[PDB]
Amino acid sequence: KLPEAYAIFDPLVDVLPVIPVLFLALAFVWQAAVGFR
Amino acid sequence: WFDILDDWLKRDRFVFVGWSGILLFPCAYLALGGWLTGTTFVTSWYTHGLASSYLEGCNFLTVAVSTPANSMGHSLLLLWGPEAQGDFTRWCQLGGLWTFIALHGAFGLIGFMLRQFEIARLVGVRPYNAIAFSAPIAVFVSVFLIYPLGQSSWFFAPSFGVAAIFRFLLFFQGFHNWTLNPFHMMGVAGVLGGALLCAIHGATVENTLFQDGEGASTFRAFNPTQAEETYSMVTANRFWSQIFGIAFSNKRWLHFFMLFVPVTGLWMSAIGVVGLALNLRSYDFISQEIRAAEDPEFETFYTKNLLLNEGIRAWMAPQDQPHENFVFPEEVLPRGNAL
Amino acid sequence: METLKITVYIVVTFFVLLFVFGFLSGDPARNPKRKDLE
Amino acid sequence: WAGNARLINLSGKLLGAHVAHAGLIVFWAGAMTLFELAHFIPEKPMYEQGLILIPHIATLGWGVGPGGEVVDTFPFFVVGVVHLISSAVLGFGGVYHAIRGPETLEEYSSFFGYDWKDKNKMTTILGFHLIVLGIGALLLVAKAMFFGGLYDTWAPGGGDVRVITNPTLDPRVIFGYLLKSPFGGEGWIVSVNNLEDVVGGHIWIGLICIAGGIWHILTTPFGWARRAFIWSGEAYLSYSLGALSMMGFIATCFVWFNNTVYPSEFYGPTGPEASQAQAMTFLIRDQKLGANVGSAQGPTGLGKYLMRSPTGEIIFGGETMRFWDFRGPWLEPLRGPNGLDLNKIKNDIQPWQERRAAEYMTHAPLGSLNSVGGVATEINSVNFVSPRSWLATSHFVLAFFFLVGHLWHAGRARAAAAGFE
Amino acid sequence: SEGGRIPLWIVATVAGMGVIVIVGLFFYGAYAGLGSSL
Amino acid sequence: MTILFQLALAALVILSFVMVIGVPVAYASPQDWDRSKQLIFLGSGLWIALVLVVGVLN
Amino acid sequence: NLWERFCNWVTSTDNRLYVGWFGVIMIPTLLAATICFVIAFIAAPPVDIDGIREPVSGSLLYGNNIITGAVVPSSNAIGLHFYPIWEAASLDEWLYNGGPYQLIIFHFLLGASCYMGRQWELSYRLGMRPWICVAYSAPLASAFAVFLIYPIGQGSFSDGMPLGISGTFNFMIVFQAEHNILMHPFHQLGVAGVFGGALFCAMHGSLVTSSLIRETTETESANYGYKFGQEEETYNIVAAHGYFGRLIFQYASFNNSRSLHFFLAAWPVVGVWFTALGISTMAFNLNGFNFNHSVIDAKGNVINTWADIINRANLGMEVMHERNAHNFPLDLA
Amino acid sequence: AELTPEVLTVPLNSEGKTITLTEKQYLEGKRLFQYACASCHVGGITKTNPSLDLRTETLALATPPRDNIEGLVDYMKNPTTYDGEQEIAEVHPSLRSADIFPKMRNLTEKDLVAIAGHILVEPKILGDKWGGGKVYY
Ligand code: CLA
Ligand code: CLA
Ligand code: CLA
Ligand code: CLA
Ligand code: CLA
Ligand code: CLA
Ligand SMILES: C=Cc1c(C)c2cc3nc(c4c5[nH]c(cc6nc(cc1[nH]2)C(C)=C6CC)c(C)c5C(=O)[C@@H]4C(=O)OC)[C@@H](CCC(=O)OC/C=C(\C)CCC[C@H](C)CCC[C@H](C)CCCC(C)C)[C@@H]3C
Ligand SMILES: CC1=C(/C=C/C(C)=C/C=C/C(C)=C/C=C/C=C(C)/C=C/C=C(C)/C=C/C2=C(C)CCCC2(C)C)C(C)(C)CCC1
Ligand SMILES: CC1=C(/C=C/C(C)=C/C=C/C(C)=C/C=C/C=C(C)/C=C/C=C(C)/C=C/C2=C(C)CCCC2(C)C)C(C)(C)CCC1
Ligand SMILES: CC1=C(/C=C/C(C)=C/C=C/C(C)=C/C=C/C=C(C)/C=C/C=C(C)/C=C/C2=C(C)CCCC2(C)C)C(C)(C)CCC1
Ligand code: OEC
Ligand SMILES: [Fe+3]
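Sequences listed follow chains A, B, C, D, E, F, G and H, in order. The numbering of the first sequence is the UniProt record's numbering, which starts it at 10 and goes up by one. The numbering of the second sequence is the UniProt record's numbering, which starts it at 14 and goes up by one. The numbering of the third sequence is the UniProt record's numbering, which starts it at 1 and goes up by one. The numbering of the fourth sequence is the UniProt record's numbering, which starts it at 24 and goes up by one. The numbering of the fifth sequence is the UniProt record's numbering, which starts it at 3 and goes up by one. The numbering of the sixth sequence is the UniProt record's numbering, which starts it at 1 and goes up by one. The numbering of the seventh sequence is the UniProt record's numbering, which starts it at 12 and goes up by one. The numbering of the eighth sequence is the UniProt record's numbering, which starts it at 27 and goes up by one.
If you want it as C-alpha cells, here you go:
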C-alpha cells in the first residue's frame, strides 16, 4: 500500500475495478424491465 | 378401484407419475439425497483414509461419497445389517451409503426406462428412446456392480465424486492399460462420433434453412402445416458430396445412424469392463515383450507407456490401498534419473 | 539438394499467385448464385 | 437479442456506443493501476505479486533505477488517476451521443462526418485515425530520445533508464525483420534485440501511417480494390476483426519470448530462461564441488552440462538444449566465438550471476489456477504465476475467439451482398 | 412500466444477485481451510 | 491541510456518486429536462473544478 | 483470355468435387502429407525424439503392429527450429531427426485450414449461410493446439503429438502427469461437450425415430425412404415434443426445430472450443487446479483428500516420463 | 490432538534451556517462510541444492550447530557453509545482504525468531514428509 494520504479509500478502490463487469449485468436487467425486446 | 388408480395415477399433469412413477421417484430422489447428504456431511476416512465432505472442507470437486472398506467384501450393509447393527451414524461411518445410492439408484434407472415405455403406449409413439437408454444402464451395471463383484470387494468400484472419478480413470491406466483395450477404443469411437454428428447435423440444418422464410431474417418460427420444414436435403447432399465426397440423403437413415453410433459404442465399452472385472485385460503384446527382453536397443511407444504404468502402480498403491499396508522403501521405487 | 530447395519455392509460390490472383481477379471477382454485381 | 445489430445503420448511436466502450477501456486503465499501486509492495519482485500495467509503466522507464523496482513511487498514481477520469470524460460522451439523438441529417455535419458504402468518405475517415497512430507512435520515440529515457536491459551493469541516440534508421534493417523466418528463435517481430532498433522501428511507422492517412483522405480506392472487397458495414468489421486476431497471437508469442521490450526483470524470466537458468545454476554448484564441466558424461553420453547445437556451438545440455537460442544479460558474458567459453566459465564467473539463475530458475513460469507455484505436483505453500503465462494465456484465448469472429461476420457479409440477410 | 404492477424483473434481479452472495461466500470459504496448508 | 483534501475528495466522491445516478434519469424526456439540465452543468462545473483543486493540493 | 477459362473451371461443379481457390492449395498440400505419411508409417527408420541418442522406431517394417505406433516427432535438438529436407544433408540423416514429422504436420495444418475455407466458399457459390465453416473450426483449432501451439509454447515439436495410435495415449498420459488436466475446467467442459454430443445425438435421432410418419408406405416387410419432394417430412414433431415434454416437463421439451438443431451444433462445438483452448492454455503453463493439501491445524496433520491420491498417480508417472533424458532435479518445460 | 505446548517447547540454545512458543508466532513463521523462502525452500528441501535439507537432524551436524534457534538466527543474519569456512552472504539471504535480497530489507529480529520457530516445530507435525517430501515423494 503506497497511496499515503488517501489511505482512507483502500476499500472503494478495492471493489472498484470490478464494475466494468457489472455493466454487463444491468444490460440484462434493462432487458428484463423492457420484456426482453 | 384398480383402473381408477391407473388413471388418477397416470393422469396427465405437469410431472407425469405413471405406474413406474412409484419406483423412479422414491429411488431417484434418495439416490440424489444420498449423494448430496454425505457429500456435504460425511467423512470416509475410517473406511478409506481420505476426506469425504465439506464438513472437513473439501472443494466441490474433492468431496464425494466413498466406497465401503475392503474388509467387508460384498455384504450389503443396510441399516439392519448384522454389521451396522442399526446404528445410523456408524452405518454412515462405514460407508453404508455407497450401497444405498447404487441400489436405490439402480432402480431409479429401472424406473426411468419403464417411464419411457409408459409414455410411448399412452401417446402411441415408438419405444426406441427407451432402448437407446440401455447403453447407459449397461455402462452403469457394468461399472458399479459387475466390476466390483469380480474383484476383492465393493471398495474398488468407482467412488461417488468428481476427483474420486478421475482417480478411477488413472487407476485403470496403471493396472489395466484400459486404453489399449480395443473395446474402450470403439467406445471412444462412438462418443466422439456422437459429437461429430451432433455438429454436422445441427450446423448443416441451421445453415441450409430456407431463404426469406422470415422477412426480418432471424429464425424463430414454425407451425404444424410447415410440413416441408425449414431446409434442403438436395443442397446439403451436393454440398457434402462435393466437399466430403459422401452423403446418404434420406433423413430417416441420418437420424437412426445417430442412434447407432453413440449407443453401439457404450455397449462395447461396457463389455470391455465385464472383462476387467476378471482381471482379464488387453495389457500386453507377447510378440513385443519377447523381443523387448532379448534386445535393449529396441523401443516403441507401446513400451514407453508400460513404463509409466509401473510408476503409477508403485507410487499410488500404498496410499490408495490402506488394507494391505504397503511399505515401500525410497530406493525400491522405480525412478528416472534426476526426477 | 540446393537444386531441390529452389524447385520447391517455385512450385509453392506458383500456387500462391493462383490463390492471390484468383481472388483479386477482375474476371471472376465475387460472383454468386443469387446476384451478380458487375 | 441482437440489439447491437439494430444500431448498424444509425451511426448516431454507434458513436454513442463505440465511445461508451471506449470509456471502459480507459476506466480499466485507472481501476487497475490504482488497484495495483494499492496492493503493490516496494522491493518485492513486481511479478511475484500479480501486476501487469505498472510493469508497462516501468518499461517506458518512467520510474526506475538500474533494475531497481522503483525509487520514485508516484509515476504510477498519475496514470491511475488520469485514465480513471478520462473514463468519465467519455462516459458522459458515450451516454449522451447514445441517448440524446441520432445523426446524418446535419448538413455542415455530414460535410465533416459522412456514412457507409461511400468509399471516398470511409477512406477519408480511415486515413484520419491513421494520422493519430502516426503520432502516438512517434510520441513513444520522443519518450526515449529527448525525454526521460526508456528501460534498456542491456549493457551495462544494470541497464537503468537510458536515452537513445540515432536509432537504427537504416532502410534495410527495419524490414529485414519482416523478411526473416518466423521459426526457431527467429520470429520476425520478436527477434528485436537492440532497444535502438525498436525506437527507429517506430519512427518509420508514423511516417508510414501519416503518409497513408492523408493518402486515402485524398484518394478513393482503385478498381482491383473495389472488385475484391465488399463494402457493407458488417464487412469492415470482418477486416478489422481478423486483423486483431493475428495480433493477439502475435503479441502472445511476443509475450512468452522477451525482447528487451518486455524486460524480464519486471515480467519475470522467460520459459527458457528458467531451464537455461537451471543448467547454469548447477555448473557452479558442482564447480564448487570441484567438478570438471568439460569431461562430464551424462547417462546418455552427452555430458550433463555441455554439448552442441546442430550448427556446432556449445550449449547447456539436458532438455534445456532446445533453448540454446536464448539470450539475456546474465548468460551472455560467458558467450563468445564458437559458443560458451569453457575458460570464462570456470575462471571468470561473478556471483551476482548465480543469484539471477537461482531466482529465475526458482520462479519458473509454471503455475496452476490455484496459483500454486512450480510443477503440477508441488504443495500449495508457494504462490506464483509468471505474468507472461497470464498474458500469454488469456490473450491467446481472445485471439482465437476473435478469429471465430472473422469467420462469422465475414461470412455474413456474403449473405448481405446476395445471400441471407 | 410500473403502474404499480407486480414485479418480475425485480425478482429476477433479487435472487440473481442473492445467489452471487452465496457463491461468493463459497469462494471466501474456500480460503479459510486450504490457507493453513503446509 | 489534510482536512480540505479529506473533504475535497469526499466532495468529488459524493458528487460522482450522485451524477452517475442522476445524469441517466435526466434523459427521461417525460420528467422535465429544464430542471434536470440546470443541475447538470452544475455537477459538471462543480466536478471539473474539484478535479483541479484536489490536483493542485498534491 | 485463357486465364478466364481456368477460373470458371475451379469455380463451379465438376461432377466429383468443388475445388475452389481454397482447394488450389488444399489438394496439392494434403496429398504430400498423405503420401509422405502413409510411407513414413510403413518404413520410416527409427527417430530419436528427445535429442538423446536413443532412437524410437514406430513403423510397420521395423517391428510394429497398427496400435504399436507411427510417425515419430522431430528431434528435441531440431526441436523448435525449421527442419526441411534441403536444409539437411543425406536423407539417412533427415529420417533420423524426425523430418517426416514436420513435413507432414505443416502441410496438413495448412491444407487442413483450407479444407475449412473450402467449406465456406462452397456456401458462397450455393447462396447458403456460412456456419459449417464455424463448426469445423472447433476440431481444426484443436489439432493446431495439439500439433502447434504446444510445441510452440513448449520449445520443440518433439512431444507435439505422435502420429501413431499408441503415442496418442502416451501424449495423454505424460500430459496430465505434467500439467494435471483432469482438474481443469476447459477439459471438464470438454468432457461435457463430448458426453454432451453423445447424449444429444442419441436423444435427437432417438426421438426423431420414434415420432415417424407411422403410416407412410412402411409395412412389416419393407422400409423405404423419403426425399425432399416429401412435404410433411418424416415425423410428427407434435408427438416428439409431446413425448419428451411428458418425460420431464413442458419447458424441458423443445418447441421448434431451430432450437433443436441449433442446440445440437452449439453444445459440441462450444465444448471443444474450450478444450482446444484448455490445451493451448496449458501450452504456456497455466495448468489445472491442484488441491494438494487440507489440514487439521490441531497438529497440522495432513489429511489426504481424494485429489491427493490423484497426485499420487500423477507422481509415479512424472518420475518416469522420458526416463534418462533429465540431468537436473526439476523439469522446467 | 490439538497443537500443544510441548509441541512448541523447542530448544533455544546448545546447552539445555528451552522456550515454549505461542499460537500467534507459529503462524507468522509460516507467513514469513513462504515470503522469502518457500520459493527456494519449498516444504523444507533445497531446490538449488537438493543434497542439503532443513530437517532437524541435518542441522545439528552443521558448523556451528543449528538444531536450535540462536543458530538459525545467526545464519539468517550471516550465512555459514555446512562446515563454517566460507562466508556465503553474497549468495544466501542475509540481513547483511539486504541490498541484494530486497525481500530481506523489511525483516526484524522478532520475525527471524518466528521463522526459526516454524522450521523447528514443523518436523514434529509433518515428520518424514517435511524432510525429502514423502507424501510429496
Ligand atoms: C470487434 C468486436 C465485435 C463486435 C463489435 C461484434 C458485434 C456483433 N456481433 Mg459478434 N463476435 C465477435 C466479435 C465482435 N462482434 C467474436 C470475436 C466472435 C466469436 C466468438 C463473435 C461471435 C458472434 C456471434 C456467434 C454472433 C455475433 C453477433 C453480433 C451482433 C450482436 C448483437 C448481440 O445480440 O449481442 C449480444 C451479446 C451477448 C449476450 C454477449 C455474450 C458474451 C459472453 C457470454 C460473456 C463471457 C463473459 C464471462 C462471464 C466473464 C468471466 C470473468 C473473467 C474474469 C474470467 C453484433 C453486430 C450475433 C449476430 O447475429 O450477428 C449479426 C451472433 O449471433 N457475434
Ligand atoms: C458493449 C456494450 C454495449 C453497448 C455500448 C450497447 C449499446 C446499445 N444497445 Mg445493446 N446490448 C448489449 C451490449 C451493449 N449495448 C448486450 C450484451 C446485449 C444482450 C443482453 C444488448 C442488447 C440490446 C438490446 C435488446 C437493445 C440494445 C440497444 C442498444 C442501444 C440503446 C440506446 C439507448 O438510448 O438506450 C436507453 C438508455 C438507458 C436506459 C441508459 C443507460 C445509462 C447508463 C448505465 C449510465 C452510465 C452512467 C453515465 C456514464 C454517467 C455520466 C456522468 C458524467 C458527469 C461523467 C445502444 C447503442 C437497444 C436498441 O434497440 O438499439 C438500437 C435494444 O433494444 N442492446
Ligand atoms: C468519438 C469522438 C467524438 C466525436 C467524433 C464527436 C462528434 C460530435 N459531437 Mg460529441 N462528445 C464526445 C465525443 C465525440 N463527439 C464526448 C466524449 C463528449 C462528452 C465530453 C461529447 C459531447 C458533445 C456535446 C455536449 C455536443 C457534441 C456535439 C458533437 C457534434 C458537433 C458538430 C458541430 O459542428 O457542433 C457545433 C455546434 C452547433 C452547430 C450547435 C447548434 C445548436 C442547436 C441547433 C440549438 C438548438 C436550440 C434552439 C434555440 C431550440 C428552439 C426550440 C423552441 C421550442 C424554443 C459532432 C457530431 C454537439 C452536437 O451534437 O450538437 C449539434 C454537442 O452539443 N458532443
Ligand atoms: C489502417 C490501415 C490501412 C487500411 C485498412 C488500408 C486499406 C486500404 N488501402 Mg492503404 N495504406 C496504409 C494503411 C491502410 N490502408 C498506409 C499506412 C499506407 C502508406 C504506405 C497505405 C498506402 C496505400 C496505397 C499506396 C494504396 C492503398 C490502398 C488501400 C486499399 C487496398 C485494397 C487492398 O487491400 O488490396 C489487397 C491488399 C494487399 C495485396 C496487401 C496485404 C498486406 C498485408 C496484410 C500487410 C503487410 C503489412 C506490413 C508487412 C507490416 C508492417 C510491419 C512493421 C514492423 C514495419 C485499402 C482500402 C490502395 C488504394 O486505395 O488505391 C487508391 C493503394 O493503391 N493504401
Ligand atoms: C510476435 C511475433 C510472432 C508472431 C506474430 C508469430 C506468428 C505466428 N507464428 Mg511464430 N514465433 C515467434 C514469433 C512470432 N510468431 C518467435 C519469436 C519464435 C521463436 C521460437 C516463433 C516460432 C514459431 C514456430 C515454431 C511456429 C510459428 C507459427 C506461427 C503462425 C501460427 C498461425 C498459423 O497457423 O498460421 C497459418 C498461416 C496463415 C494464417 C497465413 C498468414 C499470411 C497471409 C495473410 C496468407 C497467405 C496465404 C497462403 C495460403 C499461405 C502462404 C504461406 C507460406 C508460408 C507458404 C503465426 C503466423 C507456426 C507456423 O505455422 O509457422 C509459420 C509454427 O509452427 N512460430
Ligand atoms: C453414473 C453417474 C455419473 C454421474 C451422475 C456423473 C456426472 C458427471 N461427470 Mg462422471 N463418470 C462416470 C459416472 C458419472 N458421472 C463414470 C462411470 C465415469 C468413468 C470412470 C465418469 C467419468 C467422468 C469424466 C472423465 C468426467 C466426468 C465428468 C462429469 C460431470 C460432467 C458434466 C457434463 O457435462 O456431463 C455431460 C452431460 C450434459 C452436458 C447434460 C446433463 C443434463 C443437464 C443436467 C440438463 C440441464 C437442463 C435443464 C435442467 C433444463 C433446460 C431446458 C431447455 C428446454 C431450455 C458430471 C458432474 C467431467 C467433469 O467435468 O468432471 C468434473 C469429466 O471430465 N465423468
Ligand atoms: C456425463 C455423463 C452423462 C450424464 C450425467 C447423463 C445424464 C442423464 N441422461 C438422461 C437421459 C438419457 N441419456 C441418454 C443417453 C446418453 N447419456 C449419456 C451420458 C450421460 N447422461 C451418453 C453417453 C448417452 C448415449 C448412450 C438417453 C437416450 C437418455 C434419456 O432418455 C434420458 C433423458 O430424458 O434425457 C435428458 C437423464 C436421466 C435421468 C434419470 O434417468 O434419472 C434417474 C436416476 C437417477 C437420478 C439416479 C440413479 C442413481 C445413480 C447411480 C446416482 C447418480 C448420482 C451421482 C453419483 C450424484 C451426482 C454427482 C455429480 C458429480 C453430478 C440424465 C440427465
Ligand atoms: C439421507 C437420507 C434421507 C434424507 C435425505 C435426502 C433425500 C436429502 C436430500 C438433500 C438434498 C437434495 C440436498 C441439497 C443440497 C444442495 C445444495 C447445497 C445446492 C447448491 C447449488 C448451487 C450452489 C448451484 C449453483 C449453480 C450456479 C451458480 C451456476 C452454474 C449451475 C449451478 C446450477 C450448478 C432419508 C430420511 C430419506 C432416509 C435415508 C437417508
Ligand atoms: C450497459 C449499457 C450501456 C453502457 C454503459 C456504458 C458504456 C457506461 C459507461 C460508463 C463509464 C465510462 C463510466 C465512468 C465512470 C467513472 C467514474 C464513476 C469515476 C469516478 C472517479 C472517482 C470517484 C475518482 C477517483 C479518485 C481519484 C482520481 C483520486 C484518488 C482518490 C479517488 C479514489 C477518490 C448503454 C448505455 C450503451 C445501453 C444500455 C446498456
Ligand atoms: C458513482 C461512483 C462510482 C461508480 C460506480 C459504478 C460505475 C457502478 C456500477 C455498478 C454496476 C454496473 C452495477 C451493476 C449491478 C448489476 C446487477 C446487480 C445485475 C443483476 C442482474 C441480474 C440479477 C440479472 C438477472 C438475470 C436475468 C435478467 C436473465 C438471465 C438470468 C439472470 C438470473 C442472471 C465509484 C465506485 C467509482 C466511486 C465514486 C462514485
Ligand atoms: Mn517431453 O517433456 Ca515438458 O516434461 Mn519435462 O520437459 Mn521434457 O520432460 Mn517431460
Ligand atoms: Fe434432425
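Note that beta-carbon positions come from the ideal geometry of N, C-alpha and C, so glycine has one too.
Residue interval of the alpha helix (DSSP H) (run including residue i)
i, result
"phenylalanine 339 of chain D", "Per DSSP, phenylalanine 339 of chain D belongs to no alpha helix (DSSP H); it is in the beta strand (DSSP E), 337 to 339."
"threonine 275 of chain D", "256 to 279"
"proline 195 of chain B", "195 to 221"
"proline 196 of chain G", "196 to 221"
"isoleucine 184 of chain G", "176 to 189"
Listed by chain order, chain D residues near residue i by CB distance under 8 Å
i, result
"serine 39 of chain E", "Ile402, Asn403, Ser404"
Simplified DSSP assignment, three categories, for residue i
i, result
"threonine 30 of chain H", "coil"
"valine 405 of chain D", "coil"
"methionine 330 of chain D", "strand"
"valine 21 of chain E", "helix"
"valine 36 of chain H", "strand"
"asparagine 298 of chain G", "strand"
"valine 118 of chain D", "helix"
Endpoints, the beta strand (DSSP E) within which residue i is located
i, result
"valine 20 of chain C", "Taken as a continuous stretch (DSSP letters only), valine 20 of chain C belongs to no beta strand (DSSP E), being part of the alpha helix (DSSP H) at 2 to 23."
"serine 412 of chain D", "Element bounds for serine 412 of chain D: not the beta strand (DSSP E) but the alpha helix (DSSP H), 410 to 434."
"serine 305 of chain G", "305 to 307"
Contacts that residue i makes with chain A (C-beta to C-beta distance below 7 Å)
i, result
"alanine 14 of chain E", "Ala41"
Contacts of residue i in chain E (Cβ-Cβ under 9 Å)
i, result
"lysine 56 of chain H", "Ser38, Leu40"
(request) Using a Cβ-Cβ cut-off of less than 7 Å, list which residues of the region 37 to 56 of chain F approach chain D; keep chain order. (result) Taking a C-beta cut-off of 7 Å against chain D, the contacting residues of the region 37 to 56 of chain F are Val51, listed in chain order.
(request) Residues of the region 60 to 76 of chain D with a CB closer than 7 Å to any CB of chain H: list them in chain order, please. (result) Under the 7 Å Cβ criterion, the region 60 to 76 of chain D contributes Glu66, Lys67.
(message) What are the residues in the region 199 to 225 of chain B lying within 7 Å of chain D by C-beta distance?
(response) Listed in sequence order: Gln224.
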